[PDB]
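Reading through the structure tokens given below for one structure.
By convention in this document, chain letters (A, B, ...) are assigned in the order of the sequence lines, proteins followed by strands, and residues within each chain are numbered from 1. Below, all heavy atoms of this structure are taken into account, side chains as well, without hydrogens, waters or symmetry copies.
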Amino acid sequence: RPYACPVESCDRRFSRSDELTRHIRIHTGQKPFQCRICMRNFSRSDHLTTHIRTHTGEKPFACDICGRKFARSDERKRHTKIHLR
DNA sequence: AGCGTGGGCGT
DNA sequence: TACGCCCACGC
Ligand SMILES: [Zn+2]
Ligand SMILES: [Zn+2]
Ligand SMILES: [Zn+2]
């Protein structure tokens, strides 16, 4: 973690330069991705793709046990667990 | 439950 | 650099 955040309030260190650049955004308020539908702005590309799903209702991940659908895999993961109890 | 959003990192 | 996953936390 040879990359440190120069913001005198922030404590963060990163392994690559791109992690730092990305991180900077929290400091600068830069939200480079706009949702085409609601115009809302987002700091990341991946976050934008997942948020759009809220508009379209697209759910690419289904539970293997019950077939319940989710917009995100993390949502799926959180859910499969319930089948243990 | 739904979903914003940061961190780690393969590529 | 940039993307796009996973993974996790928080409300
Ligand atoms: Zn910082
Ligand atoms: Zn939107
Ligand atoms: Zn299920």
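Atom pair A/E19:CD and C/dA2:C1' shows a separation of 13 Å (rounding to whole Å applied).
With side-chain heavy atoms closer than 4.5 Å counting as contact, directly or through intermediates, A/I26 stands alone and belongs to no larger hydrophobic cluster. Grouping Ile, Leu, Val, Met, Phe, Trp and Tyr by side-chain contacts under 4.5 Å, direct or through others, puts A/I52 with A/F33, A/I37, A/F42, A/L48. With side-chain heavy atoms closer than 4.5 Å counting as contact, directly or through intermediates, the hydrophobic cluster containing A/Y3 also holds A/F14, A/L20, A/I24.
Across all strands, A/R40 comes closer than 4.0 Å only to sugar-phosphate atoms, never to a base (heavy-atom distances). Among the heavy atoms of the strands, none lies under 4.0 Å from A/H79.
A negative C1'-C2'-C3'-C4' dihedral is found for the sugar of C/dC6, placing it in the south range.
Shown here are the side-chain contact (heavy atoms from CB on, under 4.5 Å) partners of A/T49, two or more places apart in sequence or in another chain: A/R53. Scored by the side-chain hydrogen bond (donor to acceptor under 3.5 Å, both in side chains) test, A/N41 finds no partners at all (sequence neighbours excluded). Qualifying side-chain contact (heavy atoms from CB on, under 4.5 Å) partners for A/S73, counting only residues two or more places apart in sequence or in other chains: A/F61, A/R76. Scanning for side-chain contact (heavy atoms from CB on, under 4.5 Å) contacts around A/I65 gives A/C63, A/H83, with sequence neighbours left out.
For the atom pair NE2 (A/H51) and OG1 (A/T56), the distance works out to 9.5 Å, reported to the nearest 0.5 Å. How far SG of A/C66 is from NZ of A/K69: 11.0 Å, rounded to the nearest 0.5 Å.
Within a 6.0 Å sphere centred on CG of A/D11, heavy atoms belonging to other residues, nucleotides or ligands number more than 12. Residue-environment remark: NZ (A/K77) stays at or below the threshold of 12 foreign heavy atoms within 6.0 Å.
For residues 24-40 of chain A, the pairs satisfying side chain to side chain donor-acceptor pair (under 3.5 Å) are A/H23-A/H27, with sequence neighbours left out.
Against DNA chain C, the stretch residues 27-39 of chain A makes no heavy-atom approach under 4.0 Å. For DNA chain B, the neighbouring residues in residues 6-15 of chain A, judged by any heavy atom under 4.0 Å, are A/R12, A/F14.
Of all the heavy atoms in A/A62 and A/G67, the pair that sits closest is CB-O, 3.9 Å.
A 4.0 Å heavy-atom criterion places the boundary nucleotides of DNA chain B facing chain A at B/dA1 to B/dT11, written 5' to 3'.
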Could you go over nucleotides 5-9 of chain C and give all protein N or O partners under 3.5 Å, atom names and distances?
unit_1	atom_1	unit_2	atom_2	d
C/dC5	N4	A/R44	NH2	3.2
C/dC5	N4	A/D46	OD2	3.0
C/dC6	OP2	A/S73	OG	2.7
C/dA8	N6	A/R72	NH2	3.4
C/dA8	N6	A/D74	OD2	3.2

